[PDB]
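Encoded as structure tokens, the structure appears first; notes follow it.
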Amino acid sequence: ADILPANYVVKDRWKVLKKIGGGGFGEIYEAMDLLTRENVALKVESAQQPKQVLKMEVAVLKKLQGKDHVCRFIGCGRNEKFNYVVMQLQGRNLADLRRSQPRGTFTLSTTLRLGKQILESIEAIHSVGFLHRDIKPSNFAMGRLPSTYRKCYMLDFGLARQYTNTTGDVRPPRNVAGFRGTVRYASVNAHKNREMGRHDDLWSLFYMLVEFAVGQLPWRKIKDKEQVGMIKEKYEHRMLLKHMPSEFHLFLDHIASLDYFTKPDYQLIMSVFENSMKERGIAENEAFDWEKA
Ligand SMILES: CCC(O)(C#Cc1ccc2[nH]c3c(c2c1)-c1nc(N)ncc1CCC3)CC
């Protein structure tokens, strides 16, 4: 029941090698580019699928071309059986890299430098009028070339939503919006089924970086969406920062102050990461934890 079989050739050019991801709303393959001879990522959506989301994902990817932390767009197409997008292939995701560490923790040097790259990518998608709405470690992947192996890329615009109108104004929020994303890194606003905003993507970043540095979140053993929301709603969030740099209070206080309508202070959050690095003599050119160095 896979949309493309192995060795299936798309548009006489992209030859399916294997499936590398899958879910309700489509499938991702590693393919060989029979023209440029590199391997690529080939993402497909059934032509029959009721919710046609790939067209929006491609529009977002095209708007982001020229930004850092963005997969190169190679091509896209539509036919009677499937829609597809061809993009730059990336490597190891941050969730797998964190689980591979001895205590499931990154150093503060790896955590802060990843934080800077993820924040850049979040500001980038916001800058073209979209929310990601499922910011989580498995949606960020390190490069797989000499030119990219220390670069972190944003993946999966499947749950993204335009927060502006045709003319660049902020859209009215729906009084109820069903949160359909991942439980562990969801904001309290998402748990309450409120329209998500730019701040909710930064809430997900906040929770990610605590988990990277400390190795866990307090609710990690609880899978039920309602229970997790009730735990987060009361949790004294300053407690999450007991073993984090003190600058992180500025980050917590800022995003706590935001509502659906308010543009975040991305530079304030960047300065938290940069000041936390400078205080501890952490340089940008340092080895990541997973490197031999
Ligand atoms: C326009 C399509 C887009 O929304 C997407 C995706 C995506 C979703 C689910 C996915 N799942 C995977 C990948 C992946 C990508 C992936 N992808 C790329 N480019 N290298 C490597 C991998 C890792 C393998 C798994 C843009 C970001």
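First listed ligand is number 1; within each ligand, the first listed atom is number 1. Note that the numbering runs from 1 along the sequence shown for the chain. Side chains included, hydrogens not; waters and symmetry mates left out as well; all remaining heavy atoms used.
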> At under 4.0 Å between heavy atoms, which part of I20 makes contact with ligand 1: side chain, backbone, both or neither?
Replying inline: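 It is both backbone and side chain that touch ligand 1.
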
> Side chain, backbone, both or neither: which part of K43 has a heavy atom under 4.0 Å from ligand 1?
Replying inline: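 It is the side chain that touches ligand 1; the backbone stays farther off.
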
>> Can you confirm if the NZ or CZ of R113 lies within 45° of the ring axis of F288 and under 6.0 Å from the centre of its six-membered ring?
In response: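 Flagged: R113 positioned over aromatic ring of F288.
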
Identify the protein heavy atom lying closest to [atom], giving its residue, its atom name and the separation to 0.1 Å.
| atom | value |
| --- | --- |
| atom 18 (C) of ligand 1 | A41 CB, 3.8 Å |
| atom 5 (C) of ligand 1 | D156 N, 3.5 Å |
| atom 16 (C) of ligand 1 | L155 CD1, 3.8 Å |
| atom 9 (C) of ligand 1 | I28 CD1, 3.4 Å |
| atom 20 (N) of ligand 1 | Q90 N, 2.8 Å |

> Out of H132, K19, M87, whose heavy atom is nearest to atom 15 (C) of ligand 1?
Replying inline: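 Going through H132, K19, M87 one by one, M87 has the nearest heavy atom to atom 15 (C) of ligand 1.
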
>> Set out, in order, the CA-CA distance, both residues' side-chain angles and the distance that settles side chain to side chain donor-acceptor pair (under 3.5 Å) for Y207 and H237, then state yes or no.
In response: CA-CA 10 Å; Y207 290 141; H237 276 53; 2.8 Å; yes

> Taking atom CD of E211 and atom OH of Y185, what is their separation to the nearest 0.5 Å?
Replying inline: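 Reported to 0.5 Å precision, the distance equals 3.0 Å.
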
> Which ligand 1 atoms, with their elements, are less than 4.0 angstrom from a heavy-atom of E57?
Replying inline: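 What qualifies from ligand 1 is 1 (C), 2 (C), 3 (C), 4 (O), 5 (C).
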
> For ligand 1, which atoms, with element, lie under 4.0 Å from some heavy atom of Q88?
Replying inline: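 Those of ligand 1 that fall under 4.0 Å from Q88 are 18 (C), 19 (N).
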
> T262 and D259: side-chain donor and acceptor closer than 3.5 Å?
Replying inline: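 The criterion, which ignores hydrogens and geometry beyond distance, is satisfied for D259 and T262.
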
>> Determine whether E247 and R280 satisfy the following criterion, salt bridge (charged side-chain N to carboxylate O under 4.0 Å, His left out), listing intermediate values before the conclusion.
In response: CA-CA 12 Å; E247 282 268 324; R280 291 167 181 75; over 6 Å; no

> Do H191 and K232 pass the side chain to side chain donor-acceptor pair (under 3.5 Å) test, and can you show the C-alpha distance, the side-chain angles, and the key distance before you say yes or no?
Replying inline: CA-CA 9 Å; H191 275 284; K232 288 170 180 169; 2.9 Å; yes

> Quick one: does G21 get within less than 4.0 Å of ligand 1, heavy atoms only?
Replying inline: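 Checking ligand 1 against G21, which is what was asked, there is no heavy-atom contact under 4.0 Å.
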
> Can you check salt bridge (charged side-chain N to carboxylate O under 4.0 Å, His left out) on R150 and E291, steps first, answer last?
Replying inline: CA-CA 10 Å; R150 290 163 62 85; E291 293 166 3; 3.0 Å; yes

> Taking the side chain as C-beta and beyond, is there a heavy-atom pair between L119 and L205 under 4.5 Å?
Replying inline: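 In short, these two side chains touch, coming nearer than 4.5 Å.
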
